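In: Pasting the sequence and an experimental structure:
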Amino acid sequence: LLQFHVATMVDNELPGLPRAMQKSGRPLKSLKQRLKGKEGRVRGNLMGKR
DNA sequence: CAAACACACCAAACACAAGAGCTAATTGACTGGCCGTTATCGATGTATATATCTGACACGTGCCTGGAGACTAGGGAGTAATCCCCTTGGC
């Protein structure tokens, strides 16, 4: 369980493994998701800003 | 026979899917155990309201004692005459 929780903390989406879901019923935004691609940190707030 | 590499095939993942710009609306956790506050139910009264019994005062009835009424019996109190004892009066 500890391994699963940490992996979900730094990577929500895994191949085949269950996805961490908030009790409300929505997935948790792991750090990888935070800067995986567009709308992230690099392309979202370093190469393109407001 | 066992080990080296090469090839074809199968099986498993990664990341991307233009630049953005505006507006709207759906989601606003939930049973249970337990502690902590507080509302309620309960006992243990003392204070006040009412009922029963006892005591003092009031009106009324009564038993008892003494007093009062009508009538009676028969004798106590009491006129009318008399005597003469004795008192007042006198020189």
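Out: Cool, the structure landed. Numbering: from 1, shown residues only, chains lettered A, B, ... in the order given.

In: Enumerate the residues of chain A near DNA strand B.
Out: By C-beta under 7 Å from any atom of the strand, the part of chain A that sits against DNA strand B consists of A:15-16, A:23-24, A:36-38, A:48, A:50. For every residue, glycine as well, the C-beta is placed using N, CA and C.

In: Make a PyMOL selection of the buried ones in these.
Out: Here is the PyMOL command that selects only those of the residues of chain A next to DNA strand B that count as buried (16 or more other C-beta atoms under 10 Å):
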select buried, chain A and resi 36
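
In: Max pairwise distance over the residues of chain A next to DNA strand B: which two?
Out: Greatest spacing in those, by C-beta to C-beta: A:16 and A:50 (37.9 Å).

In: circling back to that earlier point, next step: the residues of chain A next to DNA strand B restricted to strands.
Out: Counting by DSSP state E, no part of those is found in strands.

In: Residue A:35 contacts residue A:47, doesn't it?
Out: No: the pair residue A:35 / residue A:47 is not scored as a contact, 11.9 Å apart, by C-beta atoms under 8 Å.

In: what about these two, which has more around it?
Out: residue A:35 (14 against 8; other C-beta atoms under 10 Å).

In: Just give the closest residue to that one, not the sequence neighbours.
Out: residue A:41 (3.9 Å; C-beta to C-beta, 6 or more residues apart in numbering).

In: how far away is the most centrally placed residue in chain A from residue A:20?
Out: Geometric centre of chain A, nearest residue: residue A:30, 2.5 Å, by C-alpha atoms, centre = their mean. Look at residue A:30 and residue A:20: by C-beta to C-beta, to the nearest Å, they are 8 Å apart.
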